[PDB]
Structures are given as structure tokens and as C-alpha cells.
Amino acid sequence: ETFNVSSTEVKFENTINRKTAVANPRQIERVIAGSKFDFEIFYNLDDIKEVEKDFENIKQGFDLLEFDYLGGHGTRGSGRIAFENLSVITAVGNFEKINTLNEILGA
Amino acid sequence: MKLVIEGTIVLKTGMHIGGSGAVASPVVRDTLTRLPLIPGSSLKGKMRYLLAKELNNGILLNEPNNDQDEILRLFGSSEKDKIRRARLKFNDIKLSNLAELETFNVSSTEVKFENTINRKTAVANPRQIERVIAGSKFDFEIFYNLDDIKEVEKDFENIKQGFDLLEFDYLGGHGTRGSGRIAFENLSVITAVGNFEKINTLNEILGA
Amino acid sequence: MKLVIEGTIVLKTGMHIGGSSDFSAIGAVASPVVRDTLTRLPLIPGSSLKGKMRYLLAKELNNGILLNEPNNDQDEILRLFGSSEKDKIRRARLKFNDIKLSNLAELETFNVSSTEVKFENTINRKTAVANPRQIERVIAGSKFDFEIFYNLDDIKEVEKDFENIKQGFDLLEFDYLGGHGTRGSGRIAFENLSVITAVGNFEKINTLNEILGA
Amino acid sequence: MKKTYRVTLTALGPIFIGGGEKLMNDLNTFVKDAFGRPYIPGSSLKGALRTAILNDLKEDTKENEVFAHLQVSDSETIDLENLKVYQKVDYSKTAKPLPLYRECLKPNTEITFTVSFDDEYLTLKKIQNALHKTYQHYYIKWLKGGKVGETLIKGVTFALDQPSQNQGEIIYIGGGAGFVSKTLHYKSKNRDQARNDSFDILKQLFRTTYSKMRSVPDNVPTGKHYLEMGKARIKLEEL
């Protein structure tokens, strides 16, 4: 709203058929790039001997989304995301080895 | 394993993508920063058209689902059985060189005036075309995910073929009438996570 | 693949083309020339070259006058410059580019400006008072390289296509290129019409280079 | 047909087609190209043919249907050694050099033009008779009274050139050769039309009345020629 523009916009898009070479325009509503989506995922820890490998795999999954798209017509341009401010906090009662998770998640 | 192919699209002439104030025919732009934009759909579609027409016997008349295996594996498919995931992943490309364009004290886009002189009337009925200016640059990156070790060489040969096919054609808008001429430069490939063994051969069959 | 048409258009008379009435500063210039916007130097639009080129071929094939719209021209022009029918659209093969000036240095050796302004007076009714006005042209003798791209889509038509490209250029030296050309402006002349291709040497280059070198 | 012609002007008098850049010294300048080399722009010849064909009522408007097709180009570009300084003299009575000088083109200068025109309404069948008509009325409507009235024996080397060629294709281009050479309406009476334009002119300035108004010939810098300026000969040959 500060930049005086809506939260979602419409992109007009063709498909020209190689027989007839005419275009059929299609409205696809999209969300503006630069929008930010604050998420939170609840991780329940039940084995200390697996939590470091689990957070290694979680950070790897976020990194694999860094080079792929999130939903919709992503091969045609859209959908590209990036993860920022990745941090871990504890719901109640402090985890003792939280620093290695917050440093391999914030790498 | 996944690779990233990064380069630059520099506009040799003017360009005009898109449409739909108190003026006729605006360009499609970024919606937040108002930067002129190449949609990745348009770059993918024009590259797919040129590469499918050159990876064929001359001309191209059939639907995009009915292409060759190289094209269909490079750009995706949608069949009832023979559905494939695309290896290329194109992105919307915003204007990179506003610093370079702002140095020359010129706007990033400009308005092009041109008539249509009817033959039996010999009167002008003028119209305004917005064009992003020549000399504009567009830094792109396309994500290539590696599934076949024995096919990355052919895939990258086809990618370089699509690049220098687009070097001899235009990119969107009134192209045959002056607009749209692009050229590709600073072409390189890098690996996403964990180095590929044969990356030097890809940088030399794509850096030529 | 594709074959391009390199060349060089030069001006034998001071040429006027394009125009704008800008908000910022008109200055002491009325109806300026169209110029390239970043490099700030003058420009023949590919739109203007296409329009005058097609009008001259329309004067050539169905001779004299036509009084016809340019979506229903002759069928070779519909194949070359493009057409949009109702649903059965017949595509273009000929792609023009925005022609910009190349020989800046050899005009800078003689301390000659790239563009030209002239004081075009106008004598009115027998009261006979001058009405001075300034138009902006580009100086004759200036060179302009062009690279027209030509998609090969018919092997057995490129002969006639390049012969009518040469026929159109031959019809364009005897004409102006846009602007106030009817009272002494716009006259062009073609030179260095060399054809090269993208890759290979197929769809033989020699016959097309001879019929554009004629 | 698009009948192109190579018409060529030879200068019977000093000629100075405007220029805009114009300043007993009174150093003048002339229209040149960007190389500083003089030439005659094609709008001058188009105005001369406007005097030729459109010698009619005030329909010389944007609605015109004749002169969008008369494709006059520029000329060849001649060096500046074809240029001498000359003087302005008004041959009404007691001809004296008026202090208004110009650096102008030398007489008998060969300058050629790539003049063309379409055949939709324009042929040389019109040009020949219109030029002979405008020439014959340039004598019998304004200069005949200047011949019979207020005539001095100094002007009569001067060529009256009327028995020479009745198809001579003679125009007048605007080079400061009086304010009679820039006219449009001489049809078809002699003195009522003269007094018509006399009040039309004299409500624009302050002169006391006398006939005839203003005739400006010139001369050469003792050899003398009394060369009238503003007029030229034209040939009409194709390509």
C-alpha cells in the first residue's frame, strides 16, 4: 500500500496456435513479486539423536525450493520464491542444543 | 543435481511487450517497482517456437505437446500418459540496467509515434506505442535440473541453439516493424548445490 | 536457418522523418526528426522503412494507384510483409530493424553536426510577408547500416523475394523516405547490399548476392 | 507514370532565396548545406510552380488536390566561387542604390533539379500553357504599365526577350525581386485589379500613392547590362 499498488495483479498471456497464428488472451491473476509471506512450521522433537539430521534435511528442502517454484505456472516465469529470516525458536522450555539448529538453518 | 544457466539479454533495438491511463498501448511492467519486464512465459514461448522450428524439418505446424523428445523433455509436456516434467525453468526478467540508463539521462521506456496512412485518404490516424528503449539489459537465470547424465550434453547444445536462434529474431511486440531485436551475452552455467563433474564442457559449449 | 540482408542506406537529399511535440522543451525547432532515445543520434525507424517500402511495391505490382488497405495487397506482399485475416492469418517473413547511424566519426572529422536545421520561409497572400519556420532534417551523404532478417520458409520463392526486394529498393531511390519530401527532402540511395547467413552456406548465397548487387 | 524531369536553371539575375540566417558594410549570409556549400532548396521551385499553376482564387489550402503529387527534390550542390557581391536598386524613378545589400548567387549559374510529378492531374500540357499565361500576364497586367508609364531612358544590353520563345518555360523564384514577384492573383483585368491590390497593399504600410509600385531589376559591376533579377530559363528533359 505504501507504493500505492494492489496486493494481487492480472497478467495477460497468449497461446498462438501454429496452424492459425492467432492469439487467445488469458487473464491469470497473480500475486506481485516482492510480497512477503511470514510462515511458521511447528517441529515436534521426540529424538535428540535425529534432530540434527532432520534440520539438515529441512534446510536442504528450503534450498531445493530456492531453485524451483512454489505453485502455479512456474515454468512460464511465475512461482519463484526465496526463504528469508530462517530461524528456530522453542514453544515452551528451552532446548539446550538450539544453536546448531539455528546456525545450520540460517546458513 | 540442478544447474543454473545465467546470462544477459541486451536489446539491440527497441522492445515492447504486453498491453492492457490516458495514453495508448502501455507495456507490461513490473507491478511493484514499475520496471519494464520480459515475462518468462514470453521468453520460454519464443525460445520454444524457434528451437522447435529448428529442431524439425524446416517448419513447425503442430501443437506444443507434439514436439520432438529433446524439445518435450526440455520444455515440458501435458499428455494423458506421456506427461513429462520440464528441465528448463524460466523466470520473469526485470530491467537490470536502470543505473546505466539513468546515467544517460533518459527514461527506461519511451513513446514511439507512428501513423497508418490510408491509401485512398492520405491522412494520418496516429497512435502511440510505448517501448522500452534500446541498450536495455535483462539479467536472466534459468534453472536446469539434471536427470540424465548422458543427455545433458544434447540438452545444453539445444539451449545454446535456442539462444543463438533468438539472436537472429525478435522478442515480443511489433517485431517485424523495427522492435524486439535482442542479443545474448555473458552466457554461463553454474551448479546449484554440489559441483557437477562436467561443468567446464558446458561452459565451453555455451560460452562460444 | 536464417539469412540476413546487410546493407547501407545513404541520403542524397536532406531527409525528414518522424516527429514529436514534447512537453519539456520544444526550443527553436518545429517538427523534429525521430531520433534514437538512448544513443541520442538520429534513426530511420524500421516501421517507416517498411511502410514506404510496401507503398512502393503496391505502386509497382498493381501499377499506378491502388486505393486499397494494406491487409489485402498482392499475395507476395502478404507473404513478405505480413497480413492479419479474419481467423486464417497469413504470417510475415520479413523483419526490419531500427536503423541507426553508424558513421559518426567521419562526420566528426569535418566538424559537421549529425542533424540539419533549415530556415524554411513561407510567403503568403499578396500582402507578401515572410512566415519563418524551422524544420529539422538529417544531412545528406550520411550513411545508415541495416540488417534485415529473412526467415527461409520456401526454397523455391527466395529468388522472386529477393528480386522484388531489389525492385523495391530500385523504386525507393526515385522517392523520398518520409517527411516533407515533396518540396525537396528525403531522397535515398542504396549501396553495399551484401547478404550473409547465420550458419552454413546453404540455399545458395551467390545468386542472391548477384541479384542484390545488380 | 511518375514522369521525372531534369530541369536546369540558368540565372539571368542575382538571386537570394531567403536563408533565415541573414544579418554600408551589412555583411549577409545565405542558405547552405551542413558543409557550408550553397544550393537551392526545392521548396523555392515548388513555390514558383505554385505561382505557375495555382494563379487562381484563394483555394491554396490544405484541401488542395494538385500539388501533393508534384515531387520536387533538391538540387546539386555548387561551390562558393560561383558568388559575387551585388547591389539593390529600385527602378521607379531616379534609380539609386538603396542601403539593403545581399551576398547572392552569381548570374548564369548552372543548377539542375530532379523534379518529378504524377499524372493524376499534372502534365506538362498544363505547365507549358500555364507558364506562357503567367509570363504574358506578367507583362500585360503589371509590367506593361511600367513600360508605358514612368519609364526612364537609362534602362533602354537589356533583353525584353518576348520575341525569343513563346514556350520558354520562364518562372519567377523569390529572391528579393520586388513584392510583385510574390503575387498570386492576376486574372483577368488590368487597372481595377491594380487598384484592388493597391489598397490591399497600402493598408499594410504608409506610402503616398504613385504608379507603378516597385520594380527591382539589377545590373553588373565600364560594362553594363541592366539585368532584371528573379527570372530564369528552364529546360524540360526526362531523367
# chains A, B, ... in the order shown; residues from 1 in each chain; ligands from 1
>>> interface_residues(of="chain C", to="chain D", cutoff="8 Å", atoms="only C-alpha atoms", output="JSON, numbers by chain")
{"C": [13, 64, 112, 113, 116, 118, 119, 120, 121, 123, 125, 126, 127, 128, 132, 139, 181, 182, 183, 184, 185, 187]}
>>> residues_around(residues="residue 5 of chain A", least_positions_apart="5", cutoff="12 Å", atoms="only C-alpha atoms", output="ChimeraX atom specification")
/A:31-33,35 /B:30-34
>>> write_last_selection(atoms="N, CA and C atoms", output="mmCIF file, in the first residue's frame")
data_model
loop_
_atom_site.group_PDB
_atom_site.id
_atom_site.type_symbol
_atom_site.label_atom_id
_atom_site.label_comp_id
_atom_site.auth_asym_id
_atom_site.auth_seq_id
_atom_site.Cartn_x
_atom_site.Cartn_y
_atom_site.Cartn_z
ATOM 1 N N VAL A 31 0.051 -12.884 -7.684
ATOM 2 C CA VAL A 31 0.478 -12.037 -6.582
ATOM 3 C C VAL A 31 1.745 -11.319 -7.023
ATOM 4 N N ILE A 32 1.874 -10.050 -6.643
ATOM 5 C CA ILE A 32 3.017 -9.226 -7.028
ATOM 6 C C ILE A 32 4.287 -9.760 -6.382
ATOM 7 N N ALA A 33 5.349 -9.835 -7.183
ATOM 8 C CA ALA A 33 6.679 -10.146 -6.700
ATOM 9 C C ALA A 33 7.137 -9.114 -5.681
ATOM 10 N N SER A 35 6.194 -9.378 -2.594
ATOM 11 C CA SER A 35 5.333 -9.657 -1.462
ATOM 12 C C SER A 35 6.011 -10.652 -0.533
ATOM 13 N N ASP B 30 6.785 -4.433 -14.381
ATOM 14 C CA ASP B 30 6.715 -4.877 -13.002
ATOM 15 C C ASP B 30 5.584 -4.133 -12.314
ATOM 16 N N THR B 31 4.910 -4.796 -11.389
ATOM 17 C CA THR B 31 3.765 -4.153 -10.772
ATOM 18 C C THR B 31 4.158 -3.349 -9.543
ATOM 19 N N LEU B 32 5.173 -3.783 -8.802
ATOM 20 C CA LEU B 32 5.637 -3.000 -7.664
ATOM 21 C C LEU B 32 6.570 -1.874 -8.092
ATOM 22 N N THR B 33 7.710 -2.218 -8.679
ATOM 23 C CA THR B 33 8.746 -1.237 -8.972
ATOM 24 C C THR B 33 8.557 -0.532 -10.309
ATOM 25 N N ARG B 34 7.516 -0.891 -11.069
ATOM 26 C CA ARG B 34 7.158 -0.322 -12.374
ATOM 27 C C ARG B 34 8.259 -0.477 -13.419
#
>>> interface_residues(of="chain C", to="chain A", cutoff="8 Å", atoms="only C-alpha atoms", output="JSON, numbers by chain")
{"C": [87, 88, 89, 90, 91]}
>>> interface_residues(of="chain B", to="chain D", cutoff="12 Å", atoms="only C-alpha atoms", output="number ranges by chain")
B: 121-123
>>> atom_distance(atom1="atom CA of residue 114 of chain B", atom2="atom CA of residue 188 of chain C")
20.4 Å
>>> interface_residues(of="chain C", to="chain B", cutoff="8 Å", atoms="only C-alpha atoms", output="CSV table (one decimal) with N, CA, C and O atoms, in the first residue's frame")
chain,number,residue,atom,x,y,z
C,1,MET,N,17.8,-22.4,-41.6
C,1,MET,CA,18.2,-21.5,-40.5
C,1,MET,C,17.7,-20.1,-41.0
C,1,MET,O,16.6,-20.1,-41.6
C,2,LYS,N,18.5,-19.0,-40.9
C,2,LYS,CA,18.1,-17.7,-41.5
C,2,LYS,C,19.2,-17.1,-42.2
C,2,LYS,O,20.4,-17.3,-41.9
C,18,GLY,N,9.6,11.2,-39.0
C,18,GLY,CA,9.2,11.1,-37.6
C,18,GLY,C,8.8,12.5,-37.1
C,18,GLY,O,8.8,13.5,-37.8
C,19,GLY,N,8.5,12.5,-35.8
C,19,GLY,CA,8.1,13.7,-35.2
C,19,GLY,C,7.6,13.6,-33.8
C,19,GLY,O,7.1,12.5,-33.4
C,20,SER,N,7.5,14.6,-33.0
C,20,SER,CA,7.0,14.7,-31.7
C,20,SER,C,6.8,16.2,-31.3
C,20,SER,O,7.6,17.0,-31.8
C,37,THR,N,16.8,6.9,-28.8
C,37,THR,CA,16.5,7.6,-27.5
C,37,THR,C,17.6,7.4,-26.5
C,37,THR,O,17.8,8.4,-25.7
C,38,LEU,N,18.3,6.3,-26.5
C,38,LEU,CA,19.5,6.2,-25.6
C,38,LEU,C,20.7,6.9,-26.2
C,38,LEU,O,21.3,7.8,-25.7
C,45,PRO,N,13.3,4.7,-38.5
C,45,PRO,CA,12.5,3.5,-38.0
C,45,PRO,C,12.4,2.4,-39.0
C,45,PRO,O,12.3,2.7,-40.2
C,46,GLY,N,12.4,1.2,-38.5
C,46,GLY,CA,12.0,0.1,-39.4
C,46,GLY,C,10.6,0.1,-39.8
C,46,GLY,O,10.2,-0.4,-40.8
C,47,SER,N,9.7,0.7,-39.0
C,47,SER,CA,8.3,0.9,-39.3
C,47,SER,C,8.2,1.8,-40.5
C,47,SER,O,7.4,1.5,-41.4
C,50,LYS,N,9.5,0.0,-43.6
C,50,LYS,CA,8.5,-1.0,-44.1
C,50,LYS,C,7.3,-0.3,-44.8
C,50,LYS,O,6.9,-0.8,-45.8
C,66,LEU,N,-3.8,2.3,-56.2
C,66,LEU,CA,-4.4,1.1,-55.6
C,66,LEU,C,-5.7,1.4,-54.9
C,66,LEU,O,-6.7,0.7,-55.2
C,67,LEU,N,-5.8,2.5,-54.1
C,67,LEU,CA,-6.9,2.9,-53.2
C,67,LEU,C,-7.4,1.7,-52.4
C,67,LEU,O,-8.5,1.4,-52.2
C,68,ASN,N,-6.4,1.0,-51.8
C,68,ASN,CA,-6.7,-0.3,-51.1
C,68,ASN,C,-5.9,-0.2,-49.8
C,68,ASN,O,-4.9,0.4,-49.6
C,69,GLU,N,-6.5,-1.0,-48.8
C,69,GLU,CA,-6.0,-1.2,-47.5
C,69,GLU,C,-4.8,-2.1,-47.6
C,69,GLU,O,-4.7,-3.0,-48.5
C,92,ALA,N,4.0,-13.1,-41.6
C,92,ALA,CA,5.1,-12.4,-42.2
C,92,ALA,C,6.4,-13.2,-42.4
C,92,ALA,O,6.5,-14.2,-41.6
C,94,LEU,N,9.4,-11.1,-43.3
C,94,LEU,CA,10.4,-10.1,-43.4
C,94,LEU,C,10.4,-9.2,-42.2
C,94,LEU,O,9.4,-8.6,-41.9
C,95,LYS,N,11.6,-9.2,-41.5
C,95,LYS,CA,11.7,-8.5,-40.2
C,95,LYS,C,12.7,-7.3,-40.4
C,95,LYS,O,13.9,-7.5,-40.7
C,96,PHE,N,12.2,-6.1,-40.2
C,96,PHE,CA,13.0,-4.9,-40.2
C,96,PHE,C,13.5,-4.6,-38.8
C,96,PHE,O,13.0,-5.0,-37.8
C,97,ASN,N,14.6,-3.7,-38.8
C,97,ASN,CA,15.2,-3.3,-37.6
C,97,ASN,C,15.4,-1.8,-37.6
C,97,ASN,O,15.4,-1.2,-38.6
C,98,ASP,N,15.4,-1.2,-36.4
C,98,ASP,CA,15.5,0.2,-36.2
C,98,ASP,C,16.9,0.6,-36.7
C,98,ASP,O,17.9,0.3,-36.0
C,149,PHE,N,16.4,-9.2,-41.4
C,149,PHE,CA,16.4,-10.6,-41.3
C,149,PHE,C,15.4,-11.3,-42.1
C,149,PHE,O,14.2,-10.8,-42.3
C,153,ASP,N,11.5,-19.9,-45.5
C,153,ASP,CA,10.3,-20.8,-45.4
C,153,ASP,C,9.9,-21.4,-46.7
C,153,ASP,O,9.0,-22.2,-46.7
C,198,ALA,N,23.3,-17.0,-41.2
C,198,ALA,CA,23.6,-17.2,-39.8
C,198,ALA,C,24.7,-18.3,-39.7
C,198,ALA,O,25.8,-18.0,-39.1
>>> select_by_dssp(residues="segment 2-203 of chain D", states="strand (DSSP E or B)", output="PyMOL selection string")
chain D and resi 3-11+15+32+38+72-75+83-86+89+97+102-105+111-117+171-172
>>> write_last_selection(atoms="C-alpha atoms", output="PDB file, in the first residue's frame")
ATOM      1  CA  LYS D   3       7.307  11.436 -65.213  1.00  0.00           C
ATOM      2  CA  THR D   4      10.642  12.559 -63.797  1.00  0.00           C
ATOM      3  CA  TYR D   5      12.474  15.527 -65.311  1.00  0.00           C
ATOM      4  CA  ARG D   6      15.946  17.021 -65.018  1.00  0.00           C
ATOM      5  CA  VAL D   7      15.205  20.746 -65.127  1.00  0.00           C
ATOM      6  CA  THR D   8      18.105  23.201 -65.104  1.00  0.00           C
ATOM      7  CA  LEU D   9      18.091  26.860 -64.071  1.00  0.00           C
ATOM      8  CA  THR D  10      20.396  29.486 -65.564  1.00  0.00           C
ATOM      9  CA  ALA D  11      20.461  32.782 -63.692  1.00  0.00           C
ATOM     10  CA  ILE D  15      19.254  35.518 -56.744  1.00  0.00           C
ATOM     11  CA  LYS D  32      23.909  26.456 -47.392  1.00  0.00           C
ATOM     12  CA  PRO D  38      25.372  26.649 -51.256  1.00  0.00           C
ATOM     13  CA  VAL D  72      10.285  18.366 -56.406  1.00  0.00           C
ATOM     14  CA  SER D  73      13.650  17.345 -54.945  1.00  0.00           C
ATOM     15  CA  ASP D  74      16.688  19.464 -54.134  1.00  0.00           C
ATOM     16  CA  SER D  75      19.499  20.366 -56.499  1.00  0.00           C
ATOM     17  CA  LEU D  83      29.236  34.055 -55.936  1.00  0.00           C
ATOM     18  CA  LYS D  84      29.921  37.786 -56.317  1.00  0.00           C
ATOM     19  CA  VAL D  85      28.689  40.722 -54.247  1.00  0.00           C
ATOM     20  CA  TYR D  86      25.843  42.708 -55.833  1.00  0.00           C
ATOM     21  CA  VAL D  89      18.472  49.262 -56.995  1.00  0.00           C
ATOM     22  CA  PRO D  97      21.384  52.009 -54.725  1.00  0.00           C
ATOM     23  CA  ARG D 102      22.882  40.835 -50.022  1.00  0.00           C
ATOM     24  CA  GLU D 103      25.585  38.295 -50.816  1.00  0.00           C
ATOM     25  CA  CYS D 104      23.885  36.300 -53.524  1.00  0.00           C
ATOM     26  CA  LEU D 105      24.381  33.805 -56.330  1.00  0.00           C
ATOM     27  CA  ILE D 111      21.935  24.480 -61.296  1.00  0.00           C
ATOM     28  CA  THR D 112      19.954  21.320 -62.050  1.00  0.00           C
ATOM     29  CA  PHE D 113      16.990  19.726 -60.294  1.00  0.00           C
ATOM     30  CA  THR D 114      15.462  16.249 -60.039  1.00  0.00           C
ATOM     31  CA  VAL D 115      11.878  17.398 -60.464  1.00  0.00           C
ATOM     32  CA  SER D 116       9.111  14.823 -60.853  1.00  0.00           C
ATOM     33  CA  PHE D 117       5.309  14.766 -60.696  1.00  0.00           C
ATOM     34  CA  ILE D 171       9.318  31.160 -63.801  1.00  0.00           C
ATOM     35  CA  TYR D 172       9.964  33.677 -61.040  1.00  0.00           C
TER      36      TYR D 172
END
>>> interface_residues(of="chain B", to="chain A", cutoff="6 Å", atoms="only C-alpha atoms", output="VMD selection string")
chain B and resid 40 to 41 61 89 to 92
>>> write_last_selection(atoms="N, CA, C and O atoms", output="compact mmCIF listing (two decimals), in the first residue's frame")
# COMPACT_ATOMS: atom_id res chain seq x y z
N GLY B 40 8.66 -14.38 -18.33
CA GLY B 40 9.35 -15.62 -18.62
C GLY B 40 8.52 -16.53 -19.49
O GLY B 40 9.06 -17.40 -20.18
N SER B 41 7.20 -16.33 -19.49
CA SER B 41 6.32 -17.03 -20.42
C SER B 41 6.63 -16.64 -21.85
O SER B 41 6.65 -17.49 -22.74
N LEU B 61 4.20 -26.78 -37.39
CA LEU B 61 2.77 -26.55 -37.52
C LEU B 61 1.94 -27.17 -36.42
O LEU B 61 0.79 -26.74 -36.23
N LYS B 89 13.49 -24.02 -16.44
CA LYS B 89 12.59 -23.32 -15.53
C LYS B 89 12.87 -21.83 -15.72
O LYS B 89 13.87 -21.30 -15.23
N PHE B 90 12.00 -21.17 -16.48
CA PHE B 90 12.20 -19.78 -16.84
C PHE B 90 11.60 -18.86 -15.79
O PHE B 90 10.72 -19.26 -15.03
N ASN B 91 12.08 -17.63 -15.76
CA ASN B 91 11.63 -16.66 -14.78
C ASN B 91 11.36 -15.33 -15.46
O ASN B 91 11.89 -15.04 -16.53
N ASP B 92 10.49 -14.53 -14.83
CA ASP B 92 10.28 -13.16 -15.26
C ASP B 92 11.55 -12.36 -15.07
O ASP B 92 12.23 -12.48 -14.05
>>> residues_around(residues="residue 3 of chain B", least_positions_apart="4", cutoff="6 Å", atoms="only C-alpha atoms", output="list in words")
residues 143, 144, 145, 190, 191 and 192 of chain B
>>> decode(residues="segment 49-60 of chain B", atoms="N, CA and C atoms", output="PDB file, in the first residue's frame")
ATOM      1  N   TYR B  49       9.297 -21.871 -29.644  1.00  0.00           N
ATOM      2  CA  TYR B  49       8.910 -21.783 -31.051  1.00  0.00           C
ATOM      3  C   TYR B  49      10.117 -21.877 -31.976  1.00  0.00           C
ATOM      4  N   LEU B  50      11.167 -21.101 -31.694  1.00  0.00           N
ATOM      5  CA  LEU B  50      12.335 -21.099 -32.571  1.00  0.00           C
ATOM      6  C   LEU B  50      13.110 -22.408 -32.485  1.00  0.00           C
ATOM      7  N   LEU B  51      13.255 -22.957 -31.280  1.00  0.00           N
ATOM      8  CA  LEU B  51      14.004 -24.194 -31.118  1.00  0.00           C
ATOM      9  C   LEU B  51      13.226 -25.383 -31.653  1.00  0.00           C
ATOM     10  N   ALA B  52      11.900 -25.357 -31.543  1.00  0.00           N
ATOM     11  CA  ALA B  52      11.106 -26.433 -32.109  1.00  0.00           C
ATOM     12  C   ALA B  52      11.042 -26.330 -33.619  1.00  0.00           C
ATOM     13  N   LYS B  53      11.129 -25.119 -34.163  1.00  0.00           N
ATOM     14  CA  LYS B  53      11.156 -24.966 -35.607  1.00  0.00           C
ATOM     15  C   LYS B  53      12.513 -25.334 -36.194  1.00  0.00           C
ATOM     16  N   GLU B  54      13.601 -25.152 -35.446  1.00  0.00           N
ATOM     17  CA  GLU B  54      14.918 -25.511 -35.962  1.00  0.00           C
ATOM     18  C   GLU B  54      15.254 -26.976 -35.701  1.00  0.00           C
ATOM     19  N   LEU B  55      14.788 -27.522 -34.579  1.00  0.00           N
ATOM     20  CA  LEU B  55      14.850 -28.954 -34.320  1.00  0.00           C
ATOM     21  C   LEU B  55      13.671 -29.652 -34.981  1.00  0.00           C
ATOM     22  N   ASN B  56      13.502 -29.433 -36.282  1.00  0.00           N
ATOM     23  CA  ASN B  56      12.451 -30.040 -37.080  1.00  0.00           C
ATOM     24  C   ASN B  56      12.872 -29.951 -38.539  1.00  0.00           C
ATOM     25  N   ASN B  57      12.025 -30.419 -39.447  1.00  0.00           N
ATOM     26  CA  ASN B  57      12.369 -30.418 -40.864  1.00  0.00           C
ATOM     27  C   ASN B  57      11.866 -29.112 -41.475  1.00  0.00           C
ATOM     28  N   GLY B  58      12.498 -28.004 -41.098  1.00  0.00           N
ATOM     29  CA  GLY B  58      12.042 -26.738 -41.624  1.00  0.00           C
ATOM     30  C   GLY B  58      11.056 -26.031 -40.722  1.00  0.00           C
ATOM     31  N   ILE B  59       9.771 -26.307 -40.920  1.00  0.00           N
ATOM     32  CA  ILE B  59       8.692 -25.524 -40.355  1.00  0.00           C
ATOM     33  C   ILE B  59       8.054 -26.295 -39.205  1.00  0.00           C
ATOM     34  N   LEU B  60       7.162 -25.605 -38.492  1.00  0.00           N
ATOM     35  CA  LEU B  60       6.542 -26.122 -37.275  1.00  0.00           C
ATOM     36  C   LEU B  60       5.062 -25.761 -37.339  1.00  0.00           C
TER      37      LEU B  60
END
